[PDB]
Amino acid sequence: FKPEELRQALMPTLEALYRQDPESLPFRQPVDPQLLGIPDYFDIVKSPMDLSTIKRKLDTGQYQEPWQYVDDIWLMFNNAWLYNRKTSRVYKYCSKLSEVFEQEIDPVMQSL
C-alpha cells in the first residue's frame, strides 16, 4: 500500500462523513469534557477518536493499510455509542454516520 494512493482511496469516505450535517457536527473535533462539563468522559472513553484526528492521521500517512483506518472510524463511533444514551441525539447521529460509513467503505475495501 503506497500511502498517497491509500489516502486517495480512503479520504472520500472521510469526506462523506464530514458532509453529514448536522450528524457529523459532534464528531468534527475531539470531545471536550471541560467545555461540555462531563468530567467522567475520559474515565469511560479510554481511547478518544474524532474526525479531525482521523483526518490528520490520514494526511500524515499514519495508516499503512485500510483496516487501521476502519479501526479508528469504528473507535470513534463506538466511543459515542458507549458514552451516550440510545435516546440521545448524539447516539442517533452516530448511527447515521456509521450507516453512511458502511455504504461508503464497502466498495472501497473491495477495490483495494
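Sequential numbering from 1, following the sequence displayed.
Engineer: Could you check which stretch, 69 to 77 or 22 to 30, carries the larger mean CA temperature factor in the entry?
Structural biologist: Higher of the two, by average CA B-factor, is 22 to 30.
Engineer: Consider only the C-alpha atoms of the modelled residues in this chain, order them by B-factor as the entry records it, and name the third containing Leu82: lowest, middle or highest.
Structural biologist: Tercile = lowest for this residue's CA B-factor.
Engineer: Among all modelled residues of this chain, ranked by Cα B factor, put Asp50 in the bottom, middle or top third, i.e. lowest, middle or highest.
Structural biologist: As the PDB entry reports it, the C-alpha B-factor of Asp50 lands in the lowest third of its chain.
Engineer: Lowest, middle or highest third: where is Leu36 by Cα B-factor in its chain?
Structural biologist: For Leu36, the deposited C-alpha B-factor lands in the middle third.
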